[PDB]
Structures are given as C-alpha cells and as structure tokens.
Amino acid sequence: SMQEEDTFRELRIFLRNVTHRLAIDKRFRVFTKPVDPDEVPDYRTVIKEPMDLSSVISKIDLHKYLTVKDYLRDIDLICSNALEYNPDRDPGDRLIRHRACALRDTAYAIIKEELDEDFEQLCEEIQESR
Ligand SMILES: CC(=O)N1C[C@@H]2C[C@H]3c4c[nH]cc4C(=O)[C@]2(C1)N3C
C-alpha cells in the first residue's frame with residue numbers, strides 16, 4: 001500500500017540521519033570509506049565481507065534495509081571486521097578495536113533513545129508479509 005511505502009521512506013530518513021551523525025565523529029573517520037586494496041593487499045584475503053559507512057548510505061538509498069535490525073547487522077559487521085583484522089596487543093590495533101566498539105555502542109545508544117519500538121515492530125510486520 002502507499003501507507004506501507006510511506007513507512008519505509010520514514011525508516012530511510014531515520015537511518016540516513018543516524019549514519020551521518022556517526023560519519024562526522026572524528027573517532028570514526030577510519031570506518032567512513034572502504035579499506036584501499038592498494039594500501040592493504042591482504043585485507044580482502046582475511047575479511048570476506050568488507051563494510052563501511054559510505055557503503056551503508058549507498059545501501060539505504062538502494063532500499064536494502066526494511067528494518068532497523070537489518071541496518072544494525074551491517075553496523076555489527078563494521079565492528080566485527082575491525083576486531084578480527086586488528087587483534088594484536090600493540091597500540092595501533094588496540095586503538096582501532098576501541099574505536100570499533102565505540103561506533104557499535106554509539107549506534108545502539110542513538111537507536112535506544114530515538115527509535116520508537118512500535119515503529120520497528122510495524123516495519124518487521126510489513127517485511128514478514130512480503
Ligand atoms: C578498518 C580496518 O580494519 N583497517 C586496518 C588497515 C590497516 C591500517 C592501514 C594502513 N594503510 C591503510 C590502512 C587502513 O585502511 C587500515 C583500516 N588501518 C588503518
């Protein structure tokens with residue numbers, strides 16, 4: 001229905017606003033674009049599904065996310081990729097792991113404060129009907 005298409009349009013407006021707020025935070029600059037395969041040639045042998053905040057906005061605009069749950073699976077993949085590629089005790093690995101955990105915790109905290117639980121349940125019920 002047109003009312004269901006209006007629901008998904010509101011979901012996209014909300015996800016673009018959350019993603020912009022993460023992308024301007026100086027702590028998260030390393031997660032704003034794909035890892036450059038020229039600069040890091042073993043990256044795509046270790047990490048089988050690369051993800052970053054520029055790819056996330058592209059996916060919102062392609063109508064890939066029909067729930068906040070499917071959006072958070074990609075925020076979780078940005079964080080888990082950083083923990084798996086950079087697992088060592090040295091300061092550069094520890095700094096990126098700390099930033100990755102802060103990106104995930106910031107996204108979940110914005111959604112807990114600003115997403116209505118009945119708006120998410122409506123999106124999940126339209127998705128399950130398709
Ligand atoms: C997000 C993530 O896991 N990394 C690991 C890469 C290694 C190191 C680097 C050196 N030159 C480009 C680089 C990157 O893009 C990354 C981003 N680092 C900063």
Side-chain angles (χ1 to χ4, degrees), residues 1-25 27-130:
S1 65
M2 175 82 277
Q3 310 93 265
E4 289 169 342
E5 292 311 303
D6 287 350
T7 304
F8 297 131
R9 205 165 309 108
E10 179 160 356
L11 173 67
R12 296 187 302 268
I13 293 162
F14 175 69
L15 296 180
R16 293 194 196 84
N17 177 263
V18 175
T19 306
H20 183 249
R21 291 154 60 191
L22 299 174
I24 66 178
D25 188 304
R27 295 171 291 170
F28 306 148
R29 184 177 197 284
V30 66
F31 305 120
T32 62
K33 294 193 299 188
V35 169
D36 188 337
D38 290 338
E39 307 186 324
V40 196
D42 75 322
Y43 187 76
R44 282 175 183 72
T45 74
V46 178
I47 297 299
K48 299 308 178 183
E49 194 173 3
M51 189 51 61
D52 67 277
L53 297 174
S54 81
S55 297
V56 166
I57 300 180
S58 296
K59 289 186 66 169
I60 297 166
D61 291 348
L62 289 167
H63 305 195
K64 298 279 191 172
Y65 306 122
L66 275 74
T67 69
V68 185
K69 174 171 277 82
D70 287 358
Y71 168 88
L72 288 171
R73 289 187 236 276
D74 276 344
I75 299 306
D76 291 323
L77 181 59
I78 298 173
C79 181
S80 69
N81 289 344
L83 307 183
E84 292 162 9
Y85 190 73
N86 307 280
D88 291 349
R89 71 105 25 217
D90 62 276
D93 286 21
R94 281 178 169 168
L95 176 60
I96 197 166
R97 294 203 304 280
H98 192 268
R99 291 169 164 178
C101 289
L103 170 77
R104 174 198 70 202
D105 291 352
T106 298
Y108 277 78
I110 292 171
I111 286 159
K112 189 189 189 170
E113 289 197 316
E114 297 177 32
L115 169 69
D116 192 300
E117 62 188 26
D118 292 336
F119 181 85
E120 176 61 8
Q121 184 69 33
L122 176 56
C123 292
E124 290 181 18
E125 290 182 5
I126 303 165
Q127 175 181 60
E128 172 66 28
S129 84
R130 299 228 151 158

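Remember, it's 1-based here, ligands and their atoms both numbered in the order they're listed. Side-chain atoms are counted along with the backbone in the values below, which use heavy atoms only and exclude waters and symmetry mates. Start at 1 with the first residue, then count along the sequence.
- Interface atoms of ligand 1 facing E39, defined by a heavy-atom separation under 4.0 Å, are 12 (C).
- Summary of contacts: the protein heavy atom closest to atom 1 (C) of ligand 1 is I96 CD1, 3.7 Å.
- There is no protein heavy atom closer than 4.0 angstrom to atom 8 (C) of ligand 1.
- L22 approaches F28 most closely through the heavy-atom pair O-CD1, 3.5 Å.
- Using a 4.5 Å cut-off between side-chain heavy atoms of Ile, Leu, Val, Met, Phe, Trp and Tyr, with links allowed through other members, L77 and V18 fall into the same hydrophobic cluster.
- Counting protein heavy atoms under 4.0 angstrom from atom 12 (C) of ligand 1 gives one or more.
- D25 pairs with exactly one of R27, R21, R29 by the salt bridge (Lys or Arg N to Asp or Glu O under 4.0 Å) rule, that one being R27.
- The closest side-chain donor-acceptor pair between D52 and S55 falls under 3.5 angstrom.
- Per-atom contact check: atom 4 (N) of ligand 1 touches the protein, criterion being a heavy-atom distance below 4.0 Å.
- The nearest non-hydrogen atom to atom 10 (C) of ligand 1, considering only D38, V40, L95, comes from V40.
- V30 and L53 end up in the same hydrophobic cluster when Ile, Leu, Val, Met, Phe, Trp and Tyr side chains are linked at under 4.5 Å.
- Of all protein heavy atoms, the one lying nearest to atom 19 (C) of ligand 1 is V30 CG2, 4.3 Å.
- The structure places CZ of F8 at 14.0 Å from CD1 of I13, a figure rounded to the nearest 0.5 Å.
- Residue contacts with ligand 1: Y85 is placed with no nitrogen or oxygen under 3.5 Å of a nitrogen or oxygen of the ligand (distance criterion only).
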